[PDB]
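Asks: My structure is in my_file.pdb, and what it holds is PDB, C-alpha atoms and all ligand atoms:
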```
ATOM      1  CA  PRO J   1     -12.343 -14.033   3.392  1.00  0.00           C
ATOM      2  CA  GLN J   2     -12.064 -10.975   5.652  1.00  0.00           C
ATOM      3  CA  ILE J   3      -8.563  -9.746   6.507  1.00  0.00           C
ATOM      4  CA  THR J   4      -8.051  -7.395   9.416  1.00  0.00           C
ATOM      5  CA  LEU J   5      -5.193  -4.886   9.421  1.00  0.00           C
ATOM      6  CA  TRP J   6      -3.708  -5.361  12.896  1.00  0.00           C
ATOM      7  CA  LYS J   7      -0.800  -7.124  11.203  1.00  0.00           C
ATOM      8  CA  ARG J   8       0.526  -6.829   7.683  1.00  0.00           C
ATOM      9  CA  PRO J   9      -2.111  -8.440   5.391  1.00  0.00           C
ATOM     10  CA  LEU J  10       0.155 -11.247   4.214  1.00  0.00           C
ATOM     11  CA  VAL J  11      -1.359 -14.120   2.222  1.00  0.00           C
ATOM     12  CA  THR J  12      -0.098 -17.125   0.277  1.00  0.00           C
ATOM     13  CA  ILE J  13       0.077 -16.746  -3.480  1.00  0.00           C
ATOM     14  CA  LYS J  14       0.758 -19.357  -6.157  1.00  0.00           C
ATOM     15  CA  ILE J  15       2.759 -18.102  -9.125  1.00  0.00           C
ATOM     16  CA  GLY J  16       4.797 -19.860 -11.789  1.00  0.00           C
ATOM     17  CA  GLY J  17       4.277 -23.102  -9.903  1.00  0.00           C
ATOM     18  CA  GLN J  18       5.687 -21.748  -6.618  1.00  0.00           C
ATOM     19  CA  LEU J  19       4.088 -20.704  -3.347  1.00  0.00           C
ATOM     20  CA  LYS J  20       5.033 -17.348  -1.835  1.00  0.00           C
ATOM     21  CA  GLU J  21       3.891 -14.892   0.810  1.00  0.00           C
ATOM     22  CA  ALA J  22       2.673 -11.520  -0.422  1.00  0.00           C
ATOM     23  CA  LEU J  23       1.239  -8.268   0.906  1.00  0.00           C
ATOM     24  CA  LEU J  24      -2.234  -7.214  -0.212  1.00  0.00           C
ATOM     25  CA  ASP J  25      -1.626  -3.542  -0.933  1.00  0.00           C
ATOM     26  CA  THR J  26      -4.388  -1.100  -1.856  1.00  0.00           C
ATOM     27  CA  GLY J  27      -1.770   1.634  -2.179  1.00  0.00           C
ATOM     28  CA  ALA J  28      -0.008  -0.155  -5.048  1.00  0.00           C
ATOM     29  CA  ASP J  29      -1.104   0.417  -8.637  1.00  0.00           C
ATOM     30  CA  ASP J  30       0.931  -2.592  -9.747  1.00  0.00           C
ATOM     31  CA  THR J  31       2.053  -5.980  -8.453  1.00  0.00           C
ATOM     32  CA  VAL J  32       5.767  -6.318  -7.643  1.00  0.00           C
ATOM     33  CA  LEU J  33       7.424  -9.611  -6.743  1.00  0.00           C
ATOM     34  CA  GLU J  34      10.853 -10.384  -5.309  1.00  0.00           C
ATOM     35  CA  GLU J  35      13.520 -11.492  -7.756  1.00  0.00           C
ATOM     36  CA  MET J  36      12.550 -14.770  -9.439  1.00  0.00           C
ATOM     37  CA  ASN J  37      13.317 -16.292 -12.821  1.00  0.00           C
ATOM     38  CA  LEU J  38      10.064 -16.297 -14.757  1.00  0.00           C
ATOM     39  CA  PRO J  39      10.058 -17.548 -18.371  1.00  0.00           C
ATOM     40  CA  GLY J  40       9.103 -15.472 -21.361  1.00  0.00           C
ATOM     41  CA  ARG J  41       9.689 -12.025 -22.762  1.00  0.00           C
ATOM     42  CA  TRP J  42       9.699  -8.982 -20.491  1.00  0.00           C
ATOM     43  CA  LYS J  43      10.019  -5.196 -20.790  1.00  0.00           C
ATOM     44  CA  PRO J  44      12.164  -2.935 -18.567  1.00  0.00           C
ATOM     45  CA  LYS J  45      10.248  -0.628 -16.224  1.00  0.00           C
ATOM     46  CA  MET J  46      10.830   1.683 -13.287  1.00  0.00           C
ATOM     47  CA  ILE J  47       8.482   1.696 -10.333  1.00  0.00           C
ATOM     48  CA  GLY J  48       8.418   4.433  -7.622  1.00  0.00           C
ATOM     49  CA  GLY J  49       7.432   4.444  -3.977  1.00  0.00           C
ATOM     50  CA  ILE J  50       8.648   6.146  -0.853  1.00  0.00           C
ATOM     51  CA  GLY J  51      12.397   6.674  -1.153  1.00  0.00           C
ATOM     52  CA  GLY J  52      12.652   6.543  -4.933  1.00  0.00           C
ATOM     53  CA  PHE J  53      12.516   4.203  -7.914  1.00  0.00           C
ATOM     54  CA  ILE J  54      13.688   0.650  -8.546  1.00  0.00           C
ATOM     55  CA  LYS J  55      14.270  -1.101 -11.860  1.00  0.00           C
ATOM     56  CA  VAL J  56      11.999  -4.071 -12.570  1.00  0.00           C
ATOM     57  CA  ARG J  57      11.175  -6.574 -15.302  1.00  0.00           C
ATOM     58  CA  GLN J  58       7.578  -6.359 -16.546  1.00  0.00           C
ATOM     59  CA  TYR J  59       5.918  -9.672 -17.448  1.00  0.00           C
ATOM     60  CA  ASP J  60       2.494  -9.687 -19.099  1.00  0.00           C
ATOM     61  CA  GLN J  61      -0.493 -12.001 -18.655  1.00  0.00           C
ATOM     62  CA  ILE J  62       0.937 -13.884 -15.687  1.00  0.00           C
ATOM     63  CA  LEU J  63      -1.443 -16.070 -13.690  1.00  0.00           C
ATOM     64  CA  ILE J  64      -1.440 -15.756  -9.905  1.00  0.00           C
ATOM     65  CA  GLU J  65      -3.671 -17.532  -7.393  1.00  0.00           C
ATOM     66  CA  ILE J  66      -4.357 -15.472  -4.259  1.00  0.00           C
ATOM     67  CA  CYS J  67      -5.966 -17.596  -1.521  1.00  0.00           C
ATOM     68  CA  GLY J  68      -7.732 -19.707  -4.125  1.00  0.00           C
ATOM     69  CA  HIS J  69      -8.800 -16.747  -6.274  1.00  0.00           C
ATOM     70  CA  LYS J  70      -7.212 -16.582  -9.726  1.00  0.00           C
ATOM     71  CA  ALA J  71      -6.041 -13.327 -11.319  1.00  0.00           C
ATOM     72  CA  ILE J  72      -4.230 -12.750 -14.620  1.00  0.00           C
ATOM     73  CA  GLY J  73      -2.245  -9.617 -15.263  1.00  0.00           C
ATOM     74  CA  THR J  74       1.020  -7.757 -15.407  1.00  0.00           C
ATOM     75  CA  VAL J  75       3.604  -8.762 -12.796  1.00  0.00           C
ATOM     76  CA  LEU J  76       6.742  -6.734 -12.098  1.00  0.00           C
ATOM     77  CA  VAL J  77       9.833  -8.542 -10.826  1.00  0.00           C
ATOM     78  CA  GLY J  78      12.763  -6.849  -9.127  1.00  0.00           C
ATOM     79  CA  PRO J  79      14.683  -6.047  -5.936  1.00  0.00           C
ATOM     80  CA  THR J  80      11.651  -5.232  -3.834  1.00  0.00           C
ATOM     81  CA  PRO J  81      11.892  -5.861  -0.071  1.00  0.00           C
ATOM     82  CA  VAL J  82       8.478  -7.588  -0.017  1.00  0.00           C
ATOM     83  CA  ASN J  83       6.162  -9.284  -2.490  1.00  0.00           C
ATOM     84  CA  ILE J  84       3.301  -6.865  -3.171  1.00  0.00           C
ATOM     85  CA  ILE J  85      -0.095  -7.610  -4.722  1.00  0.00           C
ATOM     86  CA  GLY J  86      -1.420  -4.393  -6.245  1.00  0.00           C
ATOM     87  CA  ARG J  87      -4.772  -3.109  -7.436  1.00  0.00           C
ATOM     88  CA  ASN J  88      -4.351  -4.487 -10.958  1.00  0.00           C
ATOM     89  CA  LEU J  89      -4.779  -7.997  -9.507  1.00  0.00           C
ATOM     90  CA  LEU J  90      -6.831  -7.149  -6.400  1.00  0.00           C
ATOM     91  CA  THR J  91      -9.666  -5.864  -8.598  1.00  0.00           C
ATOM     92  CA  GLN J  92      -9.777  -9.255 -10.315  1.00  0.00           C
ATOM     93  CA  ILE J  93     -10.343 -11.223  -7.115  1.00  0.00           C
ATOM     94  CA  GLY J  94     -13.121  -8.843  -6.079  1.00  0.00           C
ATOM     95  CA  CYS J  95     -11.232  -7.248  -3.199  1.00  0.00           C
ATOM     96  CA  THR J  96     -12.765  -4.248  -1.452  1.00  0.00           C
ATOM     97  CA  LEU J  97     -11.949  -2.039   1.513  1.00  0.00           C
ATOM     98  CA  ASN J  98     -14.747  -1.780   4.048  1.00  0.00           C
ATOM     99  CA  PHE J  99     -15.214   0.498   7.065  1.00  0.00           C
TER     100      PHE J  99
ATOM    101  CA  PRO Y   1     -18.646   2.292   3.023  1.00  0.00           C
ATOM    102  CA  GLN Y   2     -17.385  -0.368   0.586  1.00  0.00           C
ATOM    103  CA  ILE Y   3     -14.574   0.778  -1.727  1.00  0.00           C
ATOM    104  CA  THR Y   4     -13.541  -1.061  -4.888  1.00  0.00           C
ATOM    105  CA  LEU Y   5     -10.047  -0.748  -6.304  1.00  0.00           C
ATOM    106  CA  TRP Y   6     -10.530   0.107 -10.000  1.00  0.00           C
ATOM    107  CA  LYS Y   7      -9.227   3.576  -9.087  1.00  0.00           C
ATOM    108  CA  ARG Y   8      -6.791   4.616  -6.381  1.00  0.00           C
ATOM    109  CA  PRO Y   9      -8.683   4.585  -3.008  1.00  0.00           C
ATOM    110  CA  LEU Y  10      -8.284   8.312  -2.459  1.00  0.00           C
ATOM    111  CA  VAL Y  11     -10.293   9.959   0.292  1.00  0.00           C
ATOM    112  CA  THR Y  12     -10.566  13.376   1.877  1.00  0.00           C
ATOM    113  CA  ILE Y  13      -9.000  13.670   5.326  1.00  0.00           C
ATOM    114  CA  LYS Y  14      -9.141  16.520   7.845  1.00  0.00           C
ATOM    115  CA  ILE Y  15      -5.932  17.120   9.811  1.00  0.00           C
ATOM    116  CA  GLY Y  16      -4.851  20.164  11.815  1.00  0.00           C
ATOM    117  CA  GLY Y  17      -8.078  21.757  10.642  1.00  0.00           C
ATOM    118  CA  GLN Y  18      -7.119  21.386   6.977  1.00  0.00           C
ATOM    119  CA  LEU Y  19      -8.598  19.200   4.258  1.00  0.00           C
ATOM    120  CA  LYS Y  20      -6.324  16.969   2.181  1.00  0.00           C
ATOM    121  CA  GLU Y  21      -6.523  14.048  -0.234  1.00  0.00           C
ATOM    122  CA  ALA Y  22      -4.976  10.767   0.920  1.00  0.00           C
ATOM    123  CA  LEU Y  23      -4.589   7.157  -0.183  1.00  0.00           C
ATOM    124  CA  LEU Y  24      -5.980   4.331   1.940  1.00  0.00           C
ATOM    125  CA  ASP Y  25      -3.001   1.966   1.932  1.00  0.00           C
ATOM    126  CA  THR Y  26      -3.081  -1.515   3.464  1.00  0.00           C
ATOM    127  CA  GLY Y  27       0.566  -1.972   2.438  1.00  0.00           C
ATOM    128  CA  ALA Y  28       1.722   0.830   4.752  1.00  0.00           C
ATOM    129  CA  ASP Y  29       2.422   0.139   8.415  1.00  0.00           C
ATOM    130  CA  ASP Y  30       2.367   3.891   9.115  1.00  0.00           C
ATOM    131  CA  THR Y  31       0.635   7.059   7.954  1.00  0.00           C
ATOM    132  CA  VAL Y  32       2.852   9.447   5.978  1.00  0.00           C
ATOM    133  CA  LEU Y  33       1.772  12.889   4.792  1.00  0.00           C
ATOM    134  CA  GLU Y  34       3.443  15.382   2.468  1.00  0.00           C
ATOM    135  CA  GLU Y  35       5.280  18.360   3.987  1.00  0.00           C
ATOM    136  CA  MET Y  36       2.875  20.476   6.055  1.00  0.00           C
ATOM    137  CA  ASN Y  37       2.723  22.679   9.156  1.00  0.00           C
ATOM    138  CA  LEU Y  38       1.302  20.529  11.942  1.00  0.00           C
ATOM    139  CA  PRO Y  39       1.017  21.833  15.526  1.00  0.00           C
ATOM    140  CA  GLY Y  40       2.645  20.072  18.446  1.00  0.00           C
ATOM    141  CA  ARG Y  41       5.982  18.545  19.350  1.00  0.00           C
ATOM    142  CA  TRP Y  42       7.701  16.215  16.904  1.00  0.00           C
ATOM    143  CA  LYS Y  43      10.665  13.824  16.723  1.00  0.00           C
ATOM    144  CA  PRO Y  44      12.959  13.071  13.764  1.00  0.00           C
ATOM    145  CA  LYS Y  45      12.385   9.611  12.358  1.00  0.00           C
ATOM    146  CA  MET Y  46      13.292   7.567   9.293  1.00  0.00           C
ATOM    147  CA  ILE Y  47      10.854   5.457   7.269  1.00  0.00           C
ATOM    148  CA  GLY Y  48      11.687   3.139   4.384  1.00  0.00           C
ATOM    149  CA  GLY Y  49       9.739   2.125   1.338  1.00  0.00           C
ATOM    150  CA  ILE Y  50      10.176   0.488  -2.037  1.00  0.00           C
ATOM    151  CA  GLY Y  51      12.804   2.996  -3.122  1.00  0.00           C
ATOM    152  CA  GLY Y  52      14.748   3.481   0.078  1.00  0.00           C
ATOM    153  CA  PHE Y  53      14.480   5.674   3.193  1.00  0.00           C
ATOM    154  CA  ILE Y  54      13.255   9.214   3.785  1.00  0.00           C
ATOM    155  CA  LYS Y  55      13.530  11.540   6.783  1.00  0.00           C
ATOM    156  CA  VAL Y  56      10.212  12.400   8.453  1.00  0.00           C
ATOM    157  CA  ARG Y  57       8.850  14.216  11.491  1.00  0.00           C
ATOM    158  CA  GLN Y  58       6.937  11.946  13.800  1.00  0.00           C
ATOM    159  CA  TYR Y  59       3.936  13.650  15.457  1.00  0.00           C
ATOM    160  CA  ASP Y  60       2.230  11.589  18.160  1.00  0.00           C
ATOM    161  CA  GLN Y  61      -1.451  11.511  19.137  1.00  0.00           C
ATOM    162  CA  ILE Y  62      -2.623  13.600  16.189  1.00  0.00           C
ATOM    163  CA  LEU Y  63      -6.325  13.793  15.467  1.00  0.00           C
ATOM    164  CA  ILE Y  64      -7.272  13.042  11.860  1.00  0.00           C
ATOM    165  CA  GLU Y  65     -10.733  12.549  10.359  1.00  0.00           C
ATOM    166  CA  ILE Y  66     -10.855  10.026   7.496  1.00  0.00           C
ATOM    167  CA  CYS Y  67     -14.170  10.218   5.579  1.00  0.00           C
ATOM    168  CA  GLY Y  68     -15.979  11.212   8.765  1.00  0.00           C
ATOM    169  CA  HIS Y  69     -14.224   8.677  11.028  1.00  0.00           C
ATOM    170  CA  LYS Y  70     -11.980  10.111  13.743  1.00  0.00           C
ATOM    171  CA  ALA Y  71      -8.590   8.561  14.433  1.00  0.00           C
ATOM    172  CA  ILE Y  72      -6.004   9.736  16.939  1.00  0.00           C
ATOM    173  CA  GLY Y  73      -2.526   8.402  16.380  1.00  0.00           C
ATOM    174  CA  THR Y  74       0.935   8.764  14.954  1.00  0.00           C
ATOM    175  CA  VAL Y  75       1.382  10.836  11.782  1.00  0.00           C
ATOM    176  CA  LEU Y  76       4.680  11.059   9.894  1.00  0.00           C
ATOM    177  CA  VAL Y  77       5.318  14.181   7.820  1.00  0.00           C
ATOM    178  CA  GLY Y  78       7.940  14.267   5.104  1.00  0.00           C
ATOM    179  CA  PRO Y  79       8.813  14.187   1.407  1.00  0.00           C
ATOM    180  CA  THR Y  80       6.496  11.394   0.463  1.00  0.00           C
ATOM    181  CA  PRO Y  81       5.183  11.370  -3.132  1.00  0.00           C
ATOM    182  CA  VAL Y  82       1.559  10.901  -1.952  1.00  0.00           C
ATOM    183  CA  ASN Y  83      -0.355  11.253   1.313  1.00  0.00           C
ATOM    184  CA  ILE Y  84      -0.862   7.704   2.629  1.00  0.00           C
ATOM    185  CA  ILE Y  85      -3.132   6.471   5.417  1.00  0.00           C
ATOM    186  CA  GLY Y  86      -1.499   3.378   6.889  1.00  0.00           C
ATOM    187  CA  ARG Y  87      -2.668   0.505   9.068  1.00  0.00           C
ATOM    188  CA  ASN Y  88      -2.040   2.369  12.344  1.00  0.00           C
ATOM    189  CA  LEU Y  89      -5.067   4.576  11.582  1.00  0.00           C
ATOM    190  CA  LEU Y  90      -6.980   2.219   9.294  1.00  0.00           C
ATOM    191  CA  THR Y  91      -7.457  -0.118  12.270  1.00  0.00           C
ATOM    192  CA  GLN Y  92      -8.897   2.760  14.308  1.00  0.00           C
ATOM    193  CA  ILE Y  93     -11.642   3.388  11.754  1.00  0.00           C
ATOM    194  CA  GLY Y  94     -12.471  -0.328  11.507  1.00  0.00           C
ATOM    195  CA  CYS Y  95     -11.160  -0.903   8.000  1.00  0.00           C
ATOM    196  CA  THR Y  96     -10.844  -4.466   6.668  1.00  0.00           C
ATOM    197  CA  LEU Y  97     -10.033  -6.135   3.355  1.00  0.00           C
ATOM    198  CA  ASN Y  98     -12.712  -8.437   1.945  1.00  0.00           C
ATOM    199  CA  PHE Y  99     -12.766 -10.687  -1.120  1.00  0.00           C
TER     200      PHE Y  99
HETATM  201  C1  LIG I 101       2.315   4.090  -8.654  1.00  0.00           C
HETATM  202  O1  LIG I 101       3.112   4.070  -7.484  1.00  0.00           O
HETATM  203  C2  LIG I 101       2.903   2.923  -6.682  1.00  0.00           C
HETATM  204  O2  LIG I 101       1.854   2.349  -6.708  1.00  0.00           O
HETATM  205  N1  LIG I 101       4.008   2.468  -5.835  1.00  0.00           N
HETATM  206  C3  LIG I 101       3.902   1.281  -5.010  1.00  0.00           C
HETATM  207  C4  LIG I 101       4.162   1.697  -3.555  1.00  0.00           C
HETATM  208  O3  LIG I 101       5.259   1.969  -3.183  1.00  0.00           O
HETATM  209  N2  LIG I 101       3.008   1.773  -2.643  1.00  0.00           N
HETATM  210  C5  LIG I 101       3.196   2.172  -1.244  1.00  0.00           C
HETATM  211  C6  LIG I 101       2.403   3.447  -0.950  1.00  0.00           C
HETATM  212  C7  LIG I 101       2.827   4.461  -2.026  1.00  0.00           C
HETATM  213  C8  LIG I 101       1.957   4.677  -3.271  1.00  0.00           C
HETATM  214  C9  LIG I 101       2.405   5.676  -4.341  1.00  0.00           C
HETATM  215  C10 LIG I 101       3.723   6.420  -4.154  1.00  0.00           C
HETATM  216  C11 LIG I 101       4.591   6.186  -2.902  1.00  0.00           C
HETATM  217  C12 LIG I 101       4.143   5.206  -1.833  1.00  0.00           C
HETATM  218  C13 LIG I 101       2.656   1.103  -0.306  1.00  0.00           C
HETATM  219  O4  LIG I 101       1.337   0.823  -0.655  1.00  0.00           O
HETATM  220  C14 LIG I 101       3.477  -0.185  -0.476  1.00  0.00           C
HETATM  221  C15 LIG I 101       4.788  -0.169   0.333  1.00  0.00           C
HETATM  222  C16 LIG I 101       5.217  -1.638   0.334  1.00  0.00           C
HETATM  223  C17 LIG I 101       6.436  -1.798   1.239  1.00  0.00           C
HETATM  224  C18 LIG I 101       7.776  -1.210   0.786  1.00  0.00           C
HETATM  225  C19 LIG I 101       8.995  -1.341   1.697  1.00  0.00           C
HETATM  226  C20 LIG I 101       8.865  -2.066   3.040  1.00  0.00           C
HETATM  227  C21 LIG I 101       7.524  -2.652   3.475  1.00  0.00           C
HETATM  228  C22 LIG I 101       6.294  -2.523   2.580  1.00  0.00           C
HETATM  229  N3  LIG I 101       4.531   0.365   1.652  1.00  0.00           N
HETATM  230  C23 LIG I 101       5.234   1.562   2.116  1.00  0.00           C
HETATM  231  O5  LIG I 101       5.968   2.205   1.425  1.00  0.00           O
HETATM  232  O6  LIG I 101       5.013   1.884   3.487  1.00  0.00           O
HETATM  233  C24 LIG I 101       6.028   2.568   4.258  1.00  0.00           C
HETATM  234  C25 LIG I 101       5.085   3.573   5.084  1.00  0.00           C
HETATM  235  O7  LIG I 101       4.525   2.714   6.040  1.00  0.00           O
HETATM  236  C26 LIG I 101       5.660   1.758   6.402  1.00  0.00           C
HETATM  237  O8  LIG I 101       5.300   0.364   6.497  1.00  0.00           O
HETATM  238  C27 LIG I 101       5.748  -0.279   5.360  1.00  0.00           C
HETATM  239  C28 LIG I 101       6.863   0.612   4.729  1.00  0.00           C
HETATM  240  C29 LIG I 101       6.668   1.805   5.166  1.00  0.00           C
HETATM  241  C30 LIG I 101       4.920   0.254  -5.475  1.00  0.00           C
HETATM  242  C31 LIG I 101       4.573  -1.191  -5.126  1.00  0.00           C
HETATM  243  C32 LIG I 101       4.362  -0.673  -6.559  1.00  0.00           C
END
```
Kindly present the structure from the file in structure tokens form.

Replies:
Amino acid sequence: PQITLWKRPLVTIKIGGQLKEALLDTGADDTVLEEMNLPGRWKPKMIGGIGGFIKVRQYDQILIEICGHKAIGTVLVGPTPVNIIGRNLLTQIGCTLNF
Amino acid sequence: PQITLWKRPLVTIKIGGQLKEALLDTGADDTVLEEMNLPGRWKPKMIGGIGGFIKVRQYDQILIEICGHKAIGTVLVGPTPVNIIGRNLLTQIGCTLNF
């Protein structure tokens, strides 16, 4: 679809069998989700934005469905204020910016 | 144009008569630029991100050209790690997400 930017570009995602709301974020290299208990091994990581860094758990090869479009990649999980879909998964669903 | 997301969506902007590099960021409500000398009145403001809050100067009704498209709006100036163009100006240049 086409998403305008008058409001935060929030969409429904399906991950680990659960539905969540997430922000499509072209300014994010990586995808960061609010605290959730995903199964499997993970690696510690630190992610930075405005204000500093937070500690996250990095999970590899996680499947996420974003408005019916499937993507598979690295998902970071930690105390983020909002679920963020980053470029690593937005490239996979064929997302572009247009103006 | 149409911009894919394999690389960071960095563009050249013109502000206060100066050229800078900035990230087109659909996950940002507001536009935040690194420390710089902008003309005009300004107000102290606080903006929060993934790591916490930073102190910024809010400049209102600032002209900025983003890849040839003129926007006039609010620009925050402060210790951000990267220059970010947020939705407040992306809407003015007609930017949408498409997938
Ligand atoms: C490699 O480094 C990265 O990719 N870092 C990513 C990251 O932080 N990206 C941000 C831009 C960015 C890019 C590189 C370095 C610093 C800043 C932005 O895209 C996402 C962020 C989401 C958000 C956070 C708190 C509350 C609401 C929304 N938005 C934001 O901070 O916006 C500020 C300014 O506008 C205001 O509205 C919303 C909050 C306010 C993190 C996700 C992986």

Asks: Which residue gives the smallest distance to residue Y:90 among J:5, J:38, J:11, J:54, with all atoms listed in the file counted?

Replies: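 Nearest to residue Y:90: J:5.
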
Asks: Can you work out which residues from chain J touch chain Y at a cut-off of 10 Å (counting all atoms listed in the file) and hand them back as a VMD selection string?

Replies: chain J and resid 1 to 10 23 to 29 32 47 to 55 67 69 79 to 82 84 to 99

Asks: Residues near residue J:64, anyone? I mean within 7 Å using only C-alpha atoms, not counting same-chain ones fewer than 2 positions away, as an mmCIF file with C-alpha atoms, keeping the file's coordinate frame.

Replies:
```
data_model
loop_
_atom_site.group_PDB
_atom_site.id
_atom_site.type_symbol
_atom_site.label_atom_id
_atom_site.label_comp_id
_atom_site.auth_asym_id
_atom_site.auth_seq_id
_atom_site.Cartn_x
_atom_site.Cartn_y
_atom_site.Cartn_z
ATOM 1 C CA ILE J 13 0.077 -16.746 -3.480
ATOM 2 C CA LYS J 14 0.758 -19.357 -6.157
ATOM 3 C CA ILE J 15 2.759 -18.102 -9.125
ATOM 4 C CA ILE J 62 0.937 -13.884 -15.687
ATOM 5 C CA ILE J 66 -4.357 -15.472 -4.259
ATOM 6 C CA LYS J 70 -7.212 -16.582 -9.726
ATOM 7 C CA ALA J 71 -6.041 -13.327 -11.319
ATOM 8 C CA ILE J 72 -4.230 -12.750 -14.620
#
```

Asks: Box time for stretch 72-88 of chain Y: axis-aligned, enclosing all its listed atoms, 8 Å extra on each side; report centre and edge lengths in Å to one decimal, as AutoDock Vina command-line options.

Replies:
```
--center_x 1.4 --center_y 7.4 --center_z 6.9 --size_x 30.8 --size_y 29.8 --size_z 36.1
```

Asks: Quick check on the file I pasted: which residues fall under the PyMOL selection byres (((chain J and resi 41) around 10) and not hetatm)? Write them as an NGL selection string.

Replies: :J and (38-40 or 42-43 or 57-60)

Asks: When distances are computed from all atoms listed in the file, which of Y:75, Y:46, Y:61, Y:31 shows the smallest separation from ligand LIG 101 (chain I)?

Replies: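 Between Y:75, Y:46, Y:61, Y:31, the residue approaching ligand LIG 101 (chain I) most closely is Y:31.
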
Asks: Rank nothing, just name the residue among J:37, J:30, J:78, J:65 nearest to ligand LIG 101 (chain I), using only C-alpha atoms and all ligand atoms.

Replies: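 For ligand LIG 101 (chain I), the nearest of the candidates is J:30.
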
Asks: Closest to ligand LIG 101 (chain I) among Y:76, Y:68, Y:17, Y:63, using all atoms listed in the file?

Replies: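 Result for the nearest residue to ligand LIG 101 (chain I): Y:76.
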
Asks: Work out how far apart atom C17 of ligand LIG 101 (chain I) and atom CA of residue J:16 are and give it in Å to one decimal.

Replies: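 Computing the Euclidean distance for atom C17 of ligand LIG 101 (chain I) and atom CA of residue J:16 yields 22.3 Å.
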